[PDB]
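Coming up, as structure tokens: structure 1 and structure 2, two forms of one and the same protein chain.
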Structure 1
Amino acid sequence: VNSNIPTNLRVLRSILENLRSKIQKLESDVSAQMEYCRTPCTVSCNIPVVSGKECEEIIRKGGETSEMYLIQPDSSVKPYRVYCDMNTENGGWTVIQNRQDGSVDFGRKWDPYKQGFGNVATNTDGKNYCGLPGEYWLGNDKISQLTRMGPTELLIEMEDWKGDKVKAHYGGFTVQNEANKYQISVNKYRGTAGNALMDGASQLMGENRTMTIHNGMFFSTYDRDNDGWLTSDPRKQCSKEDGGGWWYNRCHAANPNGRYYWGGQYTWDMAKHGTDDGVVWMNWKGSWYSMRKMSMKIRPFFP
């Protein structure tokens, strides 16, 4: 009788050996990726002759195509590179943030989010100009200074791994300066993705919903806590857990700068911290779904 299923629960050998094999794999991959990263990717973005204060102005000066341009929002600002969308709904869109292939790490510290990071654009096959956008984050200061030039609207777009897409429009958009921790301010919503920014996740109720509201929040990076998650525990901070820099409350309804989970569908036992740190927009696909495309564009409103 005794020792009924002993060598039965010896399946731990099979399990462990395998994992021991799964590990030999990962170590291999990191080595190669370590080697491949001996020579950096390169682009050659010849600069379009026409320039402006921002994308909108440029399109009014003949900038018909969507590509990287050079804009100088203000005489005091050093002209900088940015990707202009001159096709989506009237063009003149200045891309602020963009996700499409997970080629860029969005979980960076405070300074990289302030300065901005990523690839503004890459070359389109043959052509000598960079007509495709890259994954990037313009920079909290450039962004702020932009929304602060005058009435600015914000168009957020996302696409799932099924081909479908939805948008979130905010007739009013405003990011304050660093001194004001880039406090986001949005209004005049309309669209097909939920109003996650101003209302919070529809899935949620009570104060649960309201604490996932982003409007009015401060900008947080994992090395800079500014989320509305009041706790002394250094481990319990939104940014650290949910992915990267963003206007976290406690914590989110939308997380444009999260982790680029492939296939969209992901789970907690996959998530580094068991939270929904993907590129989420709960209001449209729950929290366990990382979009395939996610972008943020801005443009002067009208007044």
Structure 2
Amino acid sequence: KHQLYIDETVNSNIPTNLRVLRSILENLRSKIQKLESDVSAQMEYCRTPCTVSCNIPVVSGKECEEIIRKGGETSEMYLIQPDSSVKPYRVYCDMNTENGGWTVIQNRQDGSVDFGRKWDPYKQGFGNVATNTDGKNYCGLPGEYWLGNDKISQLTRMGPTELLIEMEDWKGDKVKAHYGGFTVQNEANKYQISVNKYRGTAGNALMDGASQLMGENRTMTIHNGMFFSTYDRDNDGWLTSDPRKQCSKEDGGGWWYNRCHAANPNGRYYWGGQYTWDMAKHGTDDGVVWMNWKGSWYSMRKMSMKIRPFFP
């Protein structure tokens, strides 16, 4: 008859459509307690810190290369002093990859260090340079670290320095990206980056931007010529629409972002190397990305950056 209004089916409709709405709103209610617990535990674990006993090698020099020349041939933590004015500092030296002499400048491998740090930490450097092996007297293993922009700048500026960037997905495949020319300006020039002569299997995300993207979008991902940006201090390619769009953000890595990136070695360390926007804190490409290889939404298992004076 005239609009029978069988919203009595709703008396079978609402019930079922509420049997879920409960089941989930309660499953969340449980998930919280576990995490609450999980965090407490960790805070307890943190009352006491991690330690290392990194005995110092006898050989030393301006940097890794010089060291290898001075007979130092084991890949490990070495003490270097580039400029005869700088207080010497620890660094990890890869003494065997492409003939060795590689001053490790950044290293990712197990997500043990927060890379989402402000301007200062990136300047000074942060993280763990090296760790003890099984129980040897020395620190032959590199930890995750960032040498700090100042040291990097100074180094690349002693002469022709070449950057070597290696990475590896979660299935053990490994590629590399090599640049014959590599430079990082002083803080005054906002650690402005510059690269040339790329040669490698990884894809030139740095000079050529994202191979997958087109025109407008592709060049806005190129990093050559970009400035360094930390979530607190931003110098990327953007419209200052207030704290709105910023490539670098909360716990997001400091890097040379253009109108964002094509590669993000200091991004977030997602496990398994697979993530999604709902996983991402900001629904973005948070990860330890290299679009030219695995594209977006894939945090590599391993990512490293090391230098060496060219000496052509």
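Rigid core (definition): largest C-alpha set, two forms, superposition within 1.5 Å. When a residue number appears, read it as a position in the sequence of structure 1, where counting begins at 1.
Chemist: Which single residue of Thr192, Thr231, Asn128, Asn177, after superposing the core, moves its CA by 2 Å or more between structures 1 and 2?
Modeler: Between the two forms, the residue that moves is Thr231.
Chemist: Quote the shift of the Cα of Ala271 between structures 1 and 2 to one decimal place in Å, the two forms being superposed on the rigid core.
Modeler: Spelling it out: core superposed, C-alpha of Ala271 shifted, distance 0.1 Å.
Chemist: Quote the shift of the Cα of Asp242 between structures 1 and 2 to one decimal place in Å, the two forms being superposed on the rigid core.
Modeler: With the cores aligned, its C-alpha sits 8.5 Å away.
Chemist: Taking the rigid core as the frame of reference, how far in Å is the Cα of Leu16 displaced between structures 1 and 2?
Modeler: With the rigid core fitted, the alpha carbon of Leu16 is displaced 1.0 Å between structures 1 and 2.
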